[PDB]
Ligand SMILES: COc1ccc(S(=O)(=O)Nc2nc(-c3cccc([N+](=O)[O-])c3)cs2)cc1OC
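Below, in structure tokens: the form solved without the ligand, a single chain.
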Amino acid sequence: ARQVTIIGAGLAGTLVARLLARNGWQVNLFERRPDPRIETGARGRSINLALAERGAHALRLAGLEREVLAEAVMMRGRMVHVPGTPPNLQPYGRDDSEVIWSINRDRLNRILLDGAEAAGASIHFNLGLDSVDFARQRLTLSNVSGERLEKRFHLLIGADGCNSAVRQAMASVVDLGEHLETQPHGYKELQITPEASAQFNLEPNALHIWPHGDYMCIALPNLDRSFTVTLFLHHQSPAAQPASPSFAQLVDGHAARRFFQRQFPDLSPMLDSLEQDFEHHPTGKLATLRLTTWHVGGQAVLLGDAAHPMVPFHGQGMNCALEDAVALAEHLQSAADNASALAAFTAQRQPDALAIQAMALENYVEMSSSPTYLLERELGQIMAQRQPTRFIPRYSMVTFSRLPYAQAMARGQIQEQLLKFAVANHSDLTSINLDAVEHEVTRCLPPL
């Protein structure tokens, strides 16, 4: 049986552990954190993720989708909150088959850990990867106290997240050609209780957005009607705009409350623990990191956040990481040797990771912001009605299909260009020749 060592019992690492172990690989998975399945008396907090078709299909192939969905809240559409107007529900898709699912991260990781173990993988917690000796094929792990443990390895999978230790170790034996693009927004998680969401009639089956230009809030629902709110706000005010809101200006919870009361007046009343959440929850960091190289011969490979940290605005990080896990297990299982598998996996996935990284950056403006854009959207709806297999909104291609991200981006660009051109020099839809636009759709967009 082929042997593999996986670092990181997160989303991609646990999925790939299950896929390989059920194919008879000898799998050992090392995780820095304790096993979350071991109940303690610690007070934990709910972070929610939006599971979409790419992630759901990966779970489906693994035989875990039913279990995960049983614990997920359907989000039918985007509920946009702008003071003055009642919340506007913009359905994500054609019907309830085209929805996204809000899942609690802890519940998902419990299911995935159980799944990896049921397939035969051995999971070792409280062991953080410290270093790798590629030449000697040994690695060093340690617990939080720094007590070291050395292990031999044959194949090393870096599923160890955005601050990957495997990536740092590889960066010493190969030039990874890393390009880090910092993102100016930090984030803070805040809570809405089940009583508060019910009192303020907050729709449970939707993803909520409070757009505010350079900053915004979103909220994702839980099974118990609580919501996790995420505030996206610049860490610092830029030199050009010194008065502009930023985390630096919010010196404490009381400052955060005043900011919410002024800028998010319909949200502030739902945030009962705003002060406490602001002071006790750490401000998160966002970034895009692109690597030229994801593997070292047949010895080691990166996937998920370890390979391609991306900004969160498309809700695709987990979806992409689970899609990577399936691809890596497929390549490893069927290749002539590990070196061939890792090279083929990297070649296949790299263009798609670049595409989703670019599309995720572009989705911020779609969420946080129109005049001409409404006419484009109106024309886009007609094109999608006349040619549903050709004109598929980019959001639908990324979220509800398994089309390679690079292809979703390329088709989205053709669609965006056609709409922009077709609406230019037009006041309304009555002056636009719908058949000429449709002819360009059938000419430029092959049916899917």
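Position 1 is the first residue in the sequence shown; the rest follow in order.
This protein has a second form, the form deposited with the ligand bound, left out of what is shown; the following refers to that one.
Interface residue remark: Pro404 is not counted as part of the site for the ligand in the entry with it bound, having no heavy atom within 4.5 Å.
The ligand in the entry with it bound is approached by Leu419, whose closest heavy atom lies within 4.5 angstroms of it. In the entry with it bound, at least one heavy atom of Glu366 sits within 4.5 Å of a heavy atom of the ligand. Within 4.5 Å of some heavy atom of the ligand in the entry with it bound lies at least one heavy atom of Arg78. This chain lacks the partner; the member of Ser97, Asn143, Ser122, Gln90 within 4.5 angstroms of the ligand in the entry with it bound by a non-hydrogen atom is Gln90.
Not one of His295, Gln299 and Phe345 comes within 4.5 Å of the ligand in the entry with it bound, counting any heavy atom.
Along 346 to 364, a single residue, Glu362, places a heavy atom within 4.5 Å of the ligand in the entry with it bound.
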